[PDB]
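J.: Shown below is the structure under consideration.
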Amino acid sequence: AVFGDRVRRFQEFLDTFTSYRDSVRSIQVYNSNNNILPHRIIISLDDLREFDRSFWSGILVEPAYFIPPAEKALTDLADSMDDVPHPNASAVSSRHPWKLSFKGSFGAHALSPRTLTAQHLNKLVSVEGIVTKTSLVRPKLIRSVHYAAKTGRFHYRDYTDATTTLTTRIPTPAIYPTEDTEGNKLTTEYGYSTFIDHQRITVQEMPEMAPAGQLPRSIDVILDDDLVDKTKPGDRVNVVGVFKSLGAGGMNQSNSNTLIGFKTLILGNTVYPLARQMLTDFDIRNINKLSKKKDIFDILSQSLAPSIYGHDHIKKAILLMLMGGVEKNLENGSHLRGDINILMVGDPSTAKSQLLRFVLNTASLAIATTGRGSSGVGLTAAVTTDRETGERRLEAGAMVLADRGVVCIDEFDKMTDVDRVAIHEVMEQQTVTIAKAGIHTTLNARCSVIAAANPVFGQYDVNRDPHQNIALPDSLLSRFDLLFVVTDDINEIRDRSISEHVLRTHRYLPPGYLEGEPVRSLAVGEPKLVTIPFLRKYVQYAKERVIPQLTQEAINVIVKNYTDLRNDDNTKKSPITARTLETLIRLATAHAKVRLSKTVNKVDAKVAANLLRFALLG
Amino acid sequence: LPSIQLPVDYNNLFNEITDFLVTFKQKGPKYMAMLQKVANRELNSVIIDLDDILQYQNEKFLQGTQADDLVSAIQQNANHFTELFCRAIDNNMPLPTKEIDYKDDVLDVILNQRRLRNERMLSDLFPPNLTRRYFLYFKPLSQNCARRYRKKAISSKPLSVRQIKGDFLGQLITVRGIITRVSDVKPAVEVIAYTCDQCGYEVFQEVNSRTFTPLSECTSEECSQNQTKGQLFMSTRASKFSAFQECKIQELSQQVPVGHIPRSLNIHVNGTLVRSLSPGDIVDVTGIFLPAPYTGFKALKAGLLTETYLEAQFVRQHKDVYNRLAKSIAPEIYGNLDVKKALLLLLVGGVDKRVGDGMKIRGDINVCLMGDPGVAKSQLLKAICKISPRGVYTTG
DNA sequence: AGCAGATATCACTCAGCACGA
DNA sequence: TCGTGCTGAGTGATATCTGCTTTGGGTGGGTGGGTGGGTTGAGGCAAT
Ligand SMILES: Nc1ncnc2c1ncn2[C@@H]1O[C@H](COP(=O)(O)OP(=O)(O)OP(=O)(O)O)[C@@H](O)[C@H]1O
Ligand SMILES: Nc1ncnc2c1ncn2[C@@H]1O[C@H](COP(=O)(O)OP(=O)(O)OP(=O)(O)O)[C@@H](O)[C@H]1O
Ligand SMILES: [Mg+2]
Ligand SMILES: [Mg+2]
Ligand SMILES: [Zn+2]
């Protein structure tokens, strides 16, 4: 009775707003023309609230009774809209109803894994956090279709589960019917049965937002059908779903615990990424106009870490690393990486850690690790078991997680050789090889490595040769494209400048804050320095839509520079090698990418040579 | 058990299959000749080419007697069509042309004696799979043939393990990947034969599951009538077995997305396809994606979550002399003639090691390269290892 | 679903007597 | 002392219903055991 009234009311709501009808028509037209779009519609809670307050409130506080009616109304509207002449047997037998999706503003239901409490059960909530785990995808049985040869008719059965439907129903064992009502033998029609994908993920509270002295908490989320593979570990997501409770929770006499609560999880409706900034026509035009400037490189380099005084060359190297070179794989099998690795060895208090933090924040994908805080296994991959399935699998490590990204390693010299070996393999081959518990696989690890280290004595000594100063293996050192040695030199002018800069920085106050006040979302769906968001947009554009190709003049410059540097009496902080030629080519390609140029020109070669010369001979 | 009205009529499809088997030509009919060969014990596996079915459908449409789309029906649900084709073949099996020793086979004698006993009883029966001496497989629809007739070939389109979802269950699909594990060949039971100690009759049982419950009590007419309680005892001599092999196929490196771990899919091999897959070979396995329901308490405890595997149906396997050889060892590197010649000498490794006095001079010309970083040591290693047939690359 | 213990309702054996032989 | 029922309650027996529990995995525990399985990773300790 009430169910039909709610269905009719949601039908009226959908009729009033023609945008959803147009979206459904477009999806159906695209599917008919042809890879396929899932039967899902995103509706705005604000429009529903403006239309009917009662329905919006019910959906927010009592989704179990108000969502299925809306889904049925949407399915009926789509079916009435459908005009397919011949429905395929699988289509007729398919159980594919339209699923509703929500956006807008969740006033008090916008929470985090820490703030989810028993008072929010059976309510629509929005959870924001970081994905830490991801179960394997497996199909789930909802409908079974059978055939009786003698009768010549198809019989079907429908299955339900605690997680498949919002409303509780009698449990249904997965035992396939074998016999008809009259005793007729039945044959299972797998091709006509309906299965849907199922996956379980764990969303973790963001560590920065956790209380003082308390470890982050996490909540389990269930994804079905088209939301199965929308996330990977390490992603920041905004999940919308219905907080639910499952099981007896010790109520049953079989559990003697009498002190154990119920199980709880979320049945996800949406997954909203929190990584790629959409580029507008105005943004693209601004990027092009800024790139056309002759000194674009200087401005972009200066815009990185405005609070760090000096270190211009290190900033240029970081920018080139962010832009990255062009990766070429030859037919014979040789693989040439386009990533640029950077190492900084210097005296204490030289802004190495701050630079690492800044590159961690700015880079689209970045993972931070420490020397003493990491392990070989924690870097590569760990063997573990899947709760959902109970299947032996692999868990991505630091290196793996940062594929096509950047990994920042702090205190690089405070590590162990055991741990070092993993890294050595990673940088050398850009792949991870695992041989454990009957697992034989190769993991792609294509990440740029930026690390900071200290001398063995804790202070760089000019008298002693570079080999004695740094204890890291020579083989590991050779993989780094650029090595920067930074020392703290006492000079009156530089000391005064640095002190004034630090004092000016320490006097900053945030907007909307009174003096002496200590430093403490609305919607879900939603020579001048360059602002950081614009820098991110520029980096994304350049790294996505530019692949510079080499030219003859750049080659002449590169070979001239290599010949001059390798056979020169002047000593170098790092030995010259054929890898230096590849480093020069990579830096030239990165500089070409900076200017949004399809070809590498003499300017790029000159800039790369200057940077390499500064890094080598200071 | 509510019913549905689906637009499929299995009787018409069976008639289509019989007509295709009897009449299709591409001399006499190809499949009639194949069945004649099978009858004479010359062939133990029959492969149905979907291209032939498509051509037959096109010819029928051209002649004006338009018939049902058999290719699409087979692709959408292949498990039923295996049995349908087996029945069609059985109903039209030609009489043998080469005399054979029938009395040698145990099954022939047992069935003949069952017939004699039945005749005696009347004067006062066995599963079709038991006597089948062939295996049926489906060859996917070739892309060239599909494009010739303006059709899309879902079955032959390669897919990764990730792209195989739950909506593909029960269909004929192809998987591209690298085999990582192959198990030993073991006998899988299909029909079980029992015997009665008292009756003297033979009973049969069909197995279509992971597990089965053996019979304990006789069910024969004689036993029932006479009230004699006779125990059933398993007989492996008259039972029917099929070779079984379980293989694992893993994703290729280029198929995994960014920041993702490769996944694997199980493969089940039955019949004559056994030993067609070995570890390390990249293959295009075509099969029927099917679920593997649990049994007993496990079934109840598991829930709706189902395992899956692939029933293998077709497997496609992917693919001055001294100076010249030395230079061609590793063209990409700068000329190092002496090192290349040493590598050639190591690779050939010619030697006469036949002392026979208790030991024999080592027959390997071992080579060691030592140098400062910068030389292409890794490149020589990789190239010389690739060329060698038994070359193995390892890292200390 | 299968298995082990148990209840209760199903027949069958020795028991013995009346008639007559 | 044979044959043919009629009586009969005793001594069965076998055709017939009433309650576990299991797989393996912490949605049974550590007053069921670690020689019935799980089991790779981190951590602290002593001999080295
Ligand atoms: N050039 C600089 N401009 C401004 N602040 C600086 C600069 N160099 C260092 N600092 C200050 O140094 C403080 C701490 O130094 P930081 O942690 O960056 O050192 P580090 O290079 O990681 O050295 P180490 O790890 O060897 O101690 C930071 O708070 C930053 O304010
Ligand atoms: N003769 C050469 N011609 C061209 N490139 C070369 C040559 N020698 C070395 N290289 C380059 O040197 C780069 C690094 O050296 P490579 O890994 O080949 O050997 P290696 O220096 O002996 O190694 P390792 O650093 O592991 O001891 C390779 O990318 C290769 O391209
Ligand atoms: Mg530091
Ligand atoms: Mg090497
Ligand atoms: Zn019997």
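Just remember, in the structure tokens the first chain shown is A, the second B, etc., residues are 1-based per chain, and ligands are 1-based in the order shown.
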Compute the chain A side of the contact with chain D at 10 Å, counting only C-alpha atoms (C1' of nucleotides), and hand it back as an NGL selection string.

T.: :A and (246-250 or 254-257 or 262-263 or 375 or 377-378 or 382-384 or 387 or 390 or 436-437)

J.: Near residue 77 (chain B), counting only C-alpha atoms (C1' of nucleotides), which residues have an atom at most 12 Å away, once you skip same-chain residues fewer than 4 positions from it, shown as a PyMOL selection string?

T.: (chain A and resi 89-90+145+188-193) or (chain B and resi 8+10+70-73+81-84+155+168-173+287-290)

J.: At a cut-off of 6 Å around ligand 2, and using only C-alpha atoms (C1' of nucleotides) and all ligand atoms, what residues come up? Please write them as an mmCIF file with N, CA and C atoms, in the first residue's frame.

T.:
data_model
loop_
_atom_site.group_PDB
_atom_site.id
_atom_site.type_symbol
_atom_site.label_atom_id
_atom_site.label_comp_id
_atom_site.auth_asym_id
_atom_site.auth_seq_id
_atom_site.Cartn_x
_atom_site.Cartn_y
_atom_site.Cartn_z
ATOM 1 N N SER A 475 76.954 0.904 -6.598
ATOM 2 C CA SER A 475 75.950 0.442 -7.550
ATOM 3 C C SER A 475 74.612 1.128 -7.309
ATOM 4 N N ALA A 578 78.359 6.100 -18.929
ATOM 5 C CA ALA A 578 77.400 6.107 -20.025
ATOM 6 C C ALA A 578 75.988 6.401 -19.539
ATOM 7 N N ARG A 579 75.700 6.142 -18.261
ATOM 8 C CA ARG A 579 74.402 6.510 -17.706
ATOM 9 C C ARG A 579 74.209 8.020 -17.693
ATOM 10 N N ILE B 333 75.231 -2.550 -28.708
ATOM 11 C CA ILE B 333 76.369 -2.111 -27.913
ATOM 12 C C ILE B 333 77.500 -1.686 -28.841
ATOM 13 N N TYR B 334 78.447 -0.934 -28.285
ATOM 14 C CA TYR B 334 79.635 -0.552 -29.034
ATOM 15 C C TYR B 334 80.537 -1.764 -29.234
ATOM 16 N N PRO B 373 81.792 -0.054 -13.407
ATOM 17 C CA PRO B 373 80.462 0.283 -13.927
ATOM 18 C C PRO B 373 80.565 1.182 -15.149
ATOM 19 N N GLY B 374 79.656 0.967 -16.096
ATOM 20 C CA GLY B 374 79.648 1.730 -17.328
ATOM 21 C C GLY B 374 79.689 0.849 -18.556
ATOM 22 N N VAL B 375 80.458 -0.239 -18.497
ATOM 23 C CA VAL B 375 80.406 -1.219 -19.572
ATOM 24 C C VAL B 375 79.044 -1.905 -19.570
ATOM 25 N N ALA B 376 78.650 -2.403 -20.740
ATOM 26 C CA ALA B 376 77.309 -2.951 -20.895
ATOM 27 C C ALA B 376 77.229 -4.403 -20.442
ATOM 28 N N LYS B 377 77.719 -4.697 -19.235
ATOM 29 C CA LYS B 377 77.734 -6.076 -18.756
ATOM 30 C C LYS B 377 76.329 -6.664 -18.748
ATOM 31 N N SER B 378 75.355 -5.891 -18.265
ATOM 32 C CA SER B 378 73.978 -6.369 -18.240
ATOM 33 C C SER B 378 73.481 -6.679 -19.645
ATOM 34 N N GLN B 379 73.868 -5.863 -20.628
ATOM 35 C CA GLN B 379 73.401 -6.092 -21.992
ATOM 36 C C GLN B 379 73.979 -7.379 -22.571
#

J.: Got a sec to check which residues lie within 10 Å of ligand 1, using only C-alpha atoms (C1' of nucleotides) and all ligand atoms, and send them as JSON, numbers by chain?

T.: {"A": [305, 306, 307, 308, 309, 310, 311, 344, 345, 346, 347, 348, 349, 350, 351, 352, 353, 354, 355, 356, 357, 410, 411, 452, 453, 454, 455, 458, 459, 486, 488, 497, 498, 499, 500, 501, 502, 503, 505, 506]}

J.: Please produce an output containing N, CA, C and O atoms for each residue in the selection, written as a compact mmCIF listing (two decimals), in the first residue's frame.

T.:
# COMPACT_ATOMS: atom_id res chain seq x y z
N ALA A 305 57.76 25.35 -3.38
CA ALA A 305 58.25 25.58 -2.03
C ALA A 305 58.66 27.03 -1.85
O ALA A 305 59.85 27.32 -1.69
N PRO A 306 57.72 27.98 -1.88
CA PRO A 306 58.09 29.39 -1.70
C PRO A 306 58.71 29.68 -0.34
O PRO A 306 59.40 30.69 -0.20
N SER A 307 58.47 28.83 0.66
CA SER A 307 58.98 29.05 2.01
C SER A 307 60.40 28.55 2.20
O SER A 307 60.95 28.70 3.29
N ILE A 308 61.01 27.96 1.17
CA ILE A 308 62.39 27.47 1.24
C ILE A 308 63.27 28.48 0.51
O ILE A 308 63.05 28.77 -0.67
N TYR A 309 64.27 29.00 1.22
CA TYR A 309 65.16 30.00 0.65
C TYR A 309 66.29 29.32 -0.12
O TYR A 309 66.94 28.40 0.39
N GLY A 310 66.53 29.77 -1.35
CA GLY A 310 67.59 29.21 -2.16
C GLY A 310 67.21 27.85 -2.74
O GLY A 310 66.04 27.56 -2.98
N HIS A 311 68.23 27.03 -2.96
CA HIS A 311 68.04 25.69 -3.53
C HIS A 311 67.32 25.76 -4.88
O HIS A 311 66.44 24.95 -5.17
N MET A 344 69.84 13.62 -2.37
CA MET A 344 70.42 14.78 -1.69
C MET A 344 71.17 14.30 -0.45
O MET A 344 70.58 13.66 0.42
N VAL A 345 72.46 14.61 -0.39
CA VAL A 345 73.29 14.32 0.77
C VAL A 345 73.87 15.64 1.27
O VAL A 345 74.52 16.35 0.50
N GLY A 346 73.63 15.96 2.53
CA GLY A 346 74.07 17.24 3.05
C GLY A 346 74.09 17.27 4.56
O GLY A 346 73.77 16.29 5.23
N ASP A 347 74.47 18.43 5.08
CA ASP A 347 74.55 18.66 6.51
C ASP A 347 73.17 18.81 7.12
O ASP A 347 72.19 19.04 6.41
N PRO A 348 73.06 18.67 8.44
CA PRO A 348 71.75 18.83 9.09
C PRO A 348 71.18 20.23 8.87
O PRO A 348 71.91 21.21 8.71
N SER A 349 69.85 20.30 8.86
CA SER A 349 69.12 21.56 8.69
C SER A 349 69.48 22.22 7.35
O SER A 349 70.03 23.32 7.29
N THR A 350 69.15 21.51 6.27
CA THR A 350 69.36 22.01 4.92
C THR A 350 68.09 21.95 4.07
O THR A 350 68.17 22.13 2.85
N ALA A 351 66.93 21.69 4.69
CA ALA A 351 65.64 21.71 4.01
C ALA A 351 65.44 20.52 3.08
O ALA A 351 64.66 20.59 2.13
N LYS A 352 66.13 19.41 3.34
CA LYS A 352 65.90 18.20 2.55
C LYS A 352 64.55 17.58 2.90
O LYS A 352 63.76 17.23 2.01
N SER A 353 64.26 17.45 4.20
CA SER A 353 62.99 16.87 4.62
C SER A 353 61.82 17.74 4.19
O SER A 353 60.77 17.23 3.78
N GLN A 354 61.97 19.06 4.28
CA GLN A 354 60.90 19.95 3.85
C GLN A 354 60.66 19.83 2.35
O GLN A 354 59.51 19.86 1.89
N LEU A 355 61.73 19.70 1.56
CA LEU A 355 61.56 19.49 0.13
C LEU A 355 60.85 18.17 -0.16
O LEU A 355 60.00 18.10 -1.04
N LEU A 356 61.20 17.12 0.59
CA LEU A 356 60.51 15.85 0.42
C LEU A 356 59.03 15.98 0.75
O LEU A 356 58.18 15.45 0.04
N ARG A 357 58.71 16.69 1.83
CA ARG A 357 57.30 16.89 2.19
C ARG A 357 56.57 17.67 1.11
O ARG A 357 55.42 17.36 0.77
N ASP A 410 63.05 9.11 3.19
CA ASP A 410 63.78 9.95 4.12
C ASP A 410 64.72 9.09 4.96
O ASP A 410 64.41 7.93 5.27
N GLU A 411 65.86 9.66 5.33
CA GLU A 411 66.89 8.94 6.06
C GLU A 411 67.34 7.71 5.27
O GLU A 411 67.34 6.58 5.76
N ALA A 452 66.71 11.54 0.59
CA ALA A 452 67.63 12.41 1.31
C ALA A 452 68.47 11.56 2.25
O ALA A 452 67.98 10.57 2.80
N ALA A 453 69.73 11.95 2.43
CA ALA A 453 70.65 11.19 3.25
C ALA A 453 71.63 12.14 3.91
O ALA A 453 71.70 13.33 3.58
N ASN A 454 72.40 11.61 4.86
CA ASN A 454 73.40 12.37 5.58
C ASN A 454 74.77 11.71 5.42
O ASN A 454 74.86 10.50 5.18
N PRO A 455 75.85 12.47 5.55
CA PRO A 455 77.19 11.86 5.51
C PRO A 455 77.42 10.96 6.71
O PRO A 455 76.72 11.03 7.73
N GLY A 458 78.11 12.78 9.70
CA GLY A 458 77.07 13.74 10.01
C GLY A 458 77.31 15.13 9.47
O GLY A 458 76.42 15.98 9.58
N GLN A 459 78.48 15.38 8.89
CA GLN A 459 78.80 16.68 8.31
C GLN A 459 79.76 16.46 7.16
O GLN A 459 80.78 15.79 7.32
N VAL A 486 74.68 19.42 -0.63
CA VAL A 486 74.36 20.73 -0.06
C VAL A 486 75.01 20.82 1.31
O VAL A 486 74.87 19.91 2.13
N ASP A 488 76.05 23.54 4.74
CA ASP A 488 75.69 24.75 5.48
C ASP A 488 76.96 25.58 5.65
O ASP A 488 77.82 25.25 6.48
N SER A 497 70.13 36.98 5.26
CA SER A 497 69.01 36.76 4.35
C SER A 497 68.14 35.60 4.82
O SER A 497 66.90 35.71 4.86
N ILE A 498 68.77 34.49 5.19
CA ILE A 498 68.01 33.32 5.62
C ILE A 498 67.26 33.61 6.91
O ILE A 498 66.09 33.21 7.07
N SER A 499 67.90 34.29 7.86
CA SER A 499 67.23 34.62 9.12
C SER A 499 66.03 35.52 8.88
O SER A 499 64.96 35.31 9.46
N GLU A 500 66.18 36.53 8.02
CA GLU A 500 65.06 37.42 7.73
C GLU A 500 63.93 36.66 7.05
O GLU A 500 62.75 36.86 7.38
N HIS A 501 64.26 35.76 6.12
CA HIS A 501 63.22 34.98 5.45
C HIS A 501 62.47 34.10 6.45
O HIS A 501 61.24 34.02 6.42
N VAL A 502 63.21 33.44 7.34
CA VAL A 502 62.57 32.57 8.33
C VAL A 502 61.68 33.38 9.25
O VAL A 502 60.56 32.97 9.57
N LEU A 503 62.17 34.54 9.71
CA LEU A 503 61.36 35.37 10.60
C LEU A 503 60.10 35.85 9.90
O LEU A 503 59.02 35.87 10.51
N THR A 505 58.53 34.30 7.46
CA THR A 505 57.64 33.16 7.32
C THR A 505 56.93 32.84 8.63
O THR A 505 55.74 32.52 8.64
N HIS A 506 57.65 32.93 9.75
CA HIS A 506 57.07 32.58 11.04
C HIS A 506 56.02 33.58 11.51
O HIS A 506 55.31 33.29 12.48

J.: Which distance in Å separates CA of residue 374 (chain A) and CA of residue 398 (chain A), to one decimal?

T.: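 If I compute the distance from CA of residue 374 (chain A) to CA of residue 398 (chain A), I get 8.9 Å.
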
J.: Residues within 8 Å of ligand 5, counting only C-alpha atoms (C1' of nucleotides) and all ligand atoms: report them as a list in words.

T.: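 The residues near ligand 5 are residues 195, 196, 197, 198, 199, 200, 201, 217, 218, 219, 220, 221, 222, 223, 224, 228, 229, 230, 231 and 232 of chain B.
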
J.: Mind the document's chain letters and residue numbers, and return as a count of residues only the residues of region 512-574 of chain A that DSSP labels helix (DSSP H, G or I).

T.: 29

J.: Pull out every residue of chain D that has at least one atom within 10 Å of chain B, counting only C-alpha atoms (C1' of nucleotides), and report them as a PyMOL selection string.

T.: chain D and resi 21-24

J.: Output N, CA, C and O atoms (P, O5', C5', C4', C3', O3' and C1' of nucleotides) for every residue in the selection just made, as a JSON list (two decimals), in the first residue's frame.

T.:
[["chain", "number", "residue", "atom", "x", "y", "z"],
["D", 21, "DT", "P", 26.95, -33.73, 18.95],
["D", 21, "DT", "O5'", 27.75, -33.31, 17.62],
["D", 21, "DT", "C5'", 27.94, -31.94, 17.27],
["D", 21, "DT", "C4'", 28.36, -31.78, 15.80],
["D", 21, "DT", "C3'", 28.53, -30.29, 15.44],
["D", 21, "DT", "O3'", 29.78, -29.65, 15.69],
["D", 21, "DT", "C1'", 27.34, -31.54, 13.72],
["D", 22, "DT", "P", 31.25, -30.24, 15.37],
["D", 22, "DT", "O5'", 31.30, -30.67, 13.82],
["D", 22, "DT", "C5'", 31.31, -32.03, 13.41],
["D", 22, "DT", "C4'", 31.09, -32.20, 11.90],
["D", 22, "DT", "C3'", 32.06, -31.40, 11.02],
["D", 22, "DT", "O3'", 32.63, -32.33, 10.10],
["D", 22, "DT", "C1'", 29.83, -31.15, 10.28],
["D", 23, "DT", "P", 34.08, -32.12, 9.46],
["D", 23, "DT", "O5'", 33.78, -31.08, 8.29],
["D", 23, "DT", "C5'", 34.82, -30.41, 7.60],
["D", 23, "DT", "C4'", 34.23, -29.50, 6.52],
["D", 23, "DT", "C3'", 35.26, -28.48, 6.03],
["D", 23, "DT", "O3'", 35.89, -28.90, 4.82],
["D", 23, "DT", "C1'", 33.24, -27.40, 6.85],
["D", 24, "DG", "P", 37.08, -28.07, 4.13],
["D", 24, "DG", "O5'", 38.21, -27.90, 5.27],
["D", 24, "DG", "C5'", 38.82, -26.65, 5.58],
["D", 24, "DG", "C4'", 37.89, -25.73, 6.39],
["D", 24, "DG", "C3'", 38.55, -24.44, 6.87],
["D", 24, "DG", "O3'", 38.37, -23.38, 5.94],
["D", 24, "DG", "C1'", 37.36, -25.54, 8.64]]

J.: Considering only C-alpha atoms, extract the chain A residues located within 6 Å of chain B and return them as a ChimeraX atom specification.

T.: /A:89,139-141,154-156,173-174,190-191,195-197,401,403,577-578

J.: So that I can see what lies close to region 4-21 of chain C, please list as a PyMOL selection string the residues with an atom at most 12 Å from it, counting only C-alpha atoms (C1' of nucleotides) and leaving out residues fewer than 4 positions away in the same chain.

T.: chain D and resi 1-20

J.: For residue 279 (chain A), work out the shell of residues within 8 Å, counting only C-alpha atoms (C1' of nucleotides) and skipping chain neighbours fewer than 4 positions away, then give it as an MDAnalysis selection string.

T.: chainID A and resid 283:284 537

J.: Include C-alpha atoms and write out the residues we just selected as a JSON list (two decimals), in the first residue's frame.

T.:
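Contents of selection34.json, freshly written:
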[["chain", "number", "residue", "atom", "x", "y", "z"],
["A", 283, "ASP", "CA", 42.70, 26.72, -17.93],
["A", 284, "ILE", "CA", 44.16, 25.26, -21.13],
["A", 537, "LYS", "CA", 47.13, 21.60, -13.70]]

J.: Do a neighbour search on residue 469 (chain A) at 8 Å with only C-alpha atoms (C1' of nucleotides), toss out local chain neighbours closer than 5 positions, and write the hits as JSON, numbers by chain.

T.: {"A": [455, 456, 457, 460, 461, 464]}

J.: With N, CA and C atoms retained, export the selected residues as a compact mmCIF listing (two decimals), in the first residue's frame.

T.:
# COMPACT_ATOMS: atom_id res chain seq x y z
N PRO A 455 75.85 12.47 5.55
CA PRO A 455 77.19 11.86 5.51
C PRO A 455 77.42 10.96 6.71
N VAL A 456 78.42 10.09 6.58
CA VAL A 456 78.71 9.13 7.64
C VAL A 456 79.07 9.86 8.93
N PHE A 457 79.89 10.91 8.83
CA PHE A 457 80.28 11.68 10.01
C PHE A 457 79.19 12.63 10.47
N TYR A 460 79.43 17.02 6.00
CA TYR A 460 80.29 16.84 4.83
C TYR A 460 81.67 17.42 5.09
N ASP A 461 82.69 16.64 4.75
CA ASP A 461 84.09 17.04 4.90
C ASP A 461 84.70 17.21 3.52
N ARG A 464 88.06 14.91 2.80
CA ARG A 464 87.87 13.51 2.46
C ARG A 464 87.14 13.37 1.13

J.: Please report the interatomic distance between CA of residue 432 (chain A) and CA of residue 385 (chain A) in Å with one decimal.

T.: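 Interatomic distance here is 19.8 Å.
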
J.: Between CA of residue 130 (chain A) and CA of residue 376 (chain A), what is the spacing in Å?

T.: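 These two atoms are separated by 23.3 Å.
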
J.: Residue 182 (chain A): which residues within 12 Å, counting only C-alpha atoms (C1' of nucleotides), same-chain residues fewer than 4 positions away excluded, as an MDAnalysis selection string?

T.: (chainID A and resid 148 150:151 178 186) or (chainID B and resid 1)

J.: Quick one: residues within 9 Å of residue 183 (chain B), only C-alpha atoms (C1' of nucleotides) counted, chain neighbours fewer than 4 positions away excluded, as a list in words?

T.: residues 244, 245, 246 and 247 of chain B

J.: Residues as selected, C-alpha atoms, written as a PDB file, in the first residue's frame, can you do that?

T.:
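Final file, part-v6.pdb:
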ATOM      1  CA  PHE B 244      41.378 -34.425 -15.813  1.00  0.00           C
ATOM      2  CA  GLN B 245      43.884 -31.592 -15.462  1.00  0.00           C
ATOM      3  CA  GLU B 246      43.642 -28.304 -13.554  1.00  0.00           C
ATOM      4  CA  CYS B 247      45.637 -25.292 -14.747  1.00  0.00           C
TER       5      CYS B 247
END

J.: Please determine, counting only C-alpha atoms and all ligand atoms, which residue among B:216, B:369, B:337, B:272 has the shortest atom-to-atom distance to ligand 4.

T.: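 The shortest atom-to-atom distance to ligand 4 comes from B:369.
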